[PDB]
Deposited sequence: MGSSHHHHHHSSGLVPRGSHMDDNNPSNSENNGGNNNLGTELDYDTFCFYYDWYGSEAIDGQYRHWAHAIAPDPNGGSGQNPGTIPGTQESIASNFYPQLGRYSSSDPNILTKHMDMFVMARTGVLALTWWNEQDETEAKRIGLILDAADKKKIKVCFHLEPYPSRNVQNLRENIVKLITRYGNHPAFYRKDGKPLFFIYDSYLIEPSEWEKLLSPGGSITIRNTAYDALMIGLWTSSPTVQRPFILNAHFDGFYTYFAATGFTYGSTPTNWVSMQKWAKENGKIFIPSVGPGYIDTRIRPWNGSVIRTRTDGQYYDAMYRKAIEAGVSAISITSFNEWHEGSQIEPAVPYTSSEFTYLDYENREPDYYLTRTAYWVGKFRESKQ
């Protein structure tokens, strides 16, 4: 078929499975969230957002309400939203919780994804004492456990992982895992993978980091333009040229906006207004114009940071007046994602 409705498997949408309900999880996990103290005096008592119907840890309000990430009926709905958005890859946050509830949820997500031909890759988070040895062990575990699942993502035969805050690990350690000669290499093994590191700051720092660490590519994550060098879209043409010259895969991250002031009240300078979709349009256009081979979307459902494309509805409670999609309908960001996926494919 040539309908212009099919999923794109070079489009990765960052997905968060950390939401809970009292009924399913025993707590409204993540809808309740600590308020961060301002990093710039002592004796702050910032408190917590309680995750009641009236007061959740987002400046927006989900169409699906305070949902559980373990609810198979929510997962079905999410996969139908990925189909509407044409986003073929779900990039799943992974915190190495080592608990049965995590294992269950990952299986449910893979199963629901496969029904709609969506693929799943892992976004490896900065879990406690993360290092290249336990990363290797965990890559082995994930490939062993999930590699034969029909929804497990591969690109030209290789799994792909995004590595958040990869700068927390020195290139000399990364080399041991990712150089073909590394002491604990995954290259040429059953556990080889495309490893996509986080490009943060200026080229003088990031170019040698990426080369010396032997990453296969890099992404930028942040939905807020200008937050880092890497999340400044006017740099993307030059970042892509460097990537192509050095055999690296650049996967710029685009998002519809940013606001996290319910959980970080002091972080207002990072707010990026959605402007009825114009912000998203501008950022997505820049990624496509850079001539990249793959794009990542921040985010499907990072509700705390206001980067979500998941449908949101107007809501005013006694405790908070939420933002909403304004003149646009709740599913606008899903259908606008599909529009941009089409433009990306036309360019590929």
Provide the list of deposited-sequence positions lacking C-alpha coordinates, grouped into contiguous ranges. 1-35, 76, 385
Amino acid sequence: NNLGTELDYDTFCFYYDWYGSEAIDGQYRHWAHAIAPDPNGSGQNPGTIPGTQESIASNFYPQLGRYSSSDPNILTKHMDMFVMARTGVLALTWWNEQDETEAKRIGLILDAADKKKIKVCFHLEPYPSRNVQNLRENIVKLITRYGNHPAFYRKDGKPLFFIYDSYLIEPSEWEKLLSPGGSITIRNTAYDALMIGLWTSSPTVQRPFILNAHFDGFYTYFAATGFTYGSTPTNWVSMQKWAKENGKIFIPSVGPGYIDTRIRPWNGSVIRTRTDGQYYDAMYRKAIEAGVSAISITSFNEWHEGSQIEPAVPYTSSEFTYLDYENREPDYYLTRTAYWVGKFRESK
From here on, numbers count along this sequence of modelled residues.
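Between two forms, the rigid core is defined as the largest C-alpha subset superposing within 1.5 Å.
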Between 22-30 and 64-72, which has its CA atoms farther from the current form in 8 other deposited structures of this protein, using a rigid core superposition? 22-30
Which has the higher mean CA temperature factor in the PDB entry, 305-313 or 288-296? 288-296
Looking only at CA atoms, which has the higher mean B factor in the entry: 64-72 or 316-324? 316-324
Per the coordinate record, which of the options 175, 125, 137, 99 holds the highest CA temperature factor? 99
Which one of 145, 130, 187, 158 shows the biggest C-alpha B-factor in the PDB entry? 158
Would you please rank residue 83 by its C-alpha temperature factor against the other modelled residues of its chain and give the third it falls in: lowest, middle or highest? middle
Which third of the chain does residue 334 land in by C-alpha B-factor: lowest, middle or highest? middle
Within-chain third of residue 200 by Cα B-factor, per the entry: middle
Among the chain's modelled residues, which third holds the C-alpha B-factor of residue 58? lowest
Within this chain's modelled residues, let me know which third the CA B factor of residue 235 belongs to: lowest, middle or highest. middle
